[PDB]
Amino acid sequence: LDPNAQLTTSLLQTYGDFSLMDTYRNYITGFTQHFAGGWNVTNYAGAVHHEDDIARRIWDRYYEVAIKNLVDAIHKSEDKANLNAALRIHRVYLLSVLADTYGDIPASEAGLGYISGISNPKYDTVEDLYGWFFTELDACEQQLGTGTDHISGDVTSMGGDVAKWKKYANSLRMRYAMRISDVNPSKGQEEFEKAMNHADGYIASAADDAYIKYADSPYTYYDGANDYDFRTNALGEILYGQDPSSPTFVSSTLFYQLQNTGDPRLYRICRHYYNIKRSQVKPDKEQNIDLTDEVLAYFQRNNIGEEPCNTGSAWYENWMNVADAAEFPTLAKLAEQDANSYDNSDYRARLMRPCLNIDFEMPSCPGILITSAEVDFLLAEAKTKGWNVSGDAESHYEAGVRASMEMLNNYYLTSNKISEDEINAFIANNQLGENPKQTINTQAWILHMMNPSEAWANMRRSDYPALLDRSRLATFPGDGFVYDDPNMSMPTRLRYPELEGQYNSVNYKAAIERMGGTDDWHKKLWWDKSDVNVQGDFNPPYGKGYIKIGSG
């Protein structure tokens, strides 16, 4: 009821609501090809399988909680200009996620009547929404600091500092100006330069990174869905999984991007776990038994190597030979003590695959809004476009790579931090090269691994990184997965919630007619001009690659 408390709830929901995270585990982080091998991502993204109850969650949960709270608090804060501006900025942020997910969405008519359930809003067009983002963020950025009120509900890294909220608003303007740079290059350039030249500045260093701060509190997964306090980061929670036999595995797309470039992030992101006794309350190092070094030593002894799971395949598909516990001295000692716990062959099978480091799965992980590393990559790309940016593209790109590594050191890694020498060597071996747009946006995709909505939006916009071509990778109908969409390319949006067809029937129909007459998750959004690039060949040294030509 207090508008600062409504700001708090709406900020925390962003990453703190487990009941929308199935959309991120099952679809979006699979679409981006960061993760593959878990059952959930294989069944949904991996099979290009639409299910309304999964696809609808970002829409239903953000409109039911955050948008209702924000709209109510905005109406009730006209006397508190600083809070009012912060509420409106977070509303822009969430509406941009909603529009980048679904396309045309309720916004301009999503007011007091709509959140009370008595009014049907039209769906604003993506083009009109993006235009409004620029005017609203300009207005909010100037309104910040014209109040004397304390933004006491701020749970972000901005810590109620209006100067930091101003830099955040200008950085969002820069992101959205890049987003529209293919469909409207002149507006993109104008808006980008206006924001980057603004007297109040943008996020230029990690000290001004914008993220939501989450607490070290126990995980509860789907339990108590009615009573969510949103205090912990539910993205890392769902990636850890409610089921120890289905943790999140790193895809071959991400694995080979890292390995092929000598990226020191390879075995910071990827670890090998034997996790049968792991805590579900809070990921623990004691029983997420990290056997990475011993697994790599076994590979070296046997002239073999990693088999990261391909997009479309589960860990139990494209079966990788399972080493005996005797191959890993730590596990061998444990199994000689207690075979029921430590000689389980299913848990040893999952030990063979590269797993996401539990450092990315802890309750207190930050919820990234926008980082200085992203802004560095935006400046690098703007320079390559010929926009009026200070400093050469190489300098901005190198700043972005360095800041992406330091982000891991500062926000995630609890051990084995990436050294300055490792960063400098990686940068020296990975310059912009012949296709700077590809290099910049592939590095940004690594940066956005824990910010899946931005990863997916920027990949759709820039069409990089080149993904694995799903149509050239195996399917597994004999394993119970359903392949009901003959177009296997990565979806470019999600379908609208099907209940909208009843609950807001006229406006749902009109939005669907505008995209050509069916609710098509292969239809590109207004700012998405071209198809994402795909890798022309994939023949990994171990495991399975593209199916052999002519065998399909």
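One-based numbering along the sequence shown.
Look at the C-alpha B-factors of 325-333 and of 282-290. On average they run higher in 325-333.
Of the two stretches examined, 219-227 and 478-486, the record assigns the greater average C-alpha temperature factor to 219-227. Taking the PDB entry at face value, the top CA B factor among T101, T253, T156, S390 belongs to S390. Reading the B-factor column for the CA atoms of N458, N275, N302, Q443 in the entry, the top value corresponds to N302.
When the CA B factors of the chain's modelled residues are split into thirds, the value for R91 lands in the lowest one. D17: CA B factor lies in the lowest third for its chain, per the PDB record. Sort the chain's modelled residues by C-alpha temperature factor and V532 lands in the middle third, per the entry. In this PDB entry, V506 carries a Cα temperature factor that places it within the middle third of its chain's modelled residues.
Ranked by Cα temperature factor within the chain, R265 sits in the lowest third according to the deposited record.
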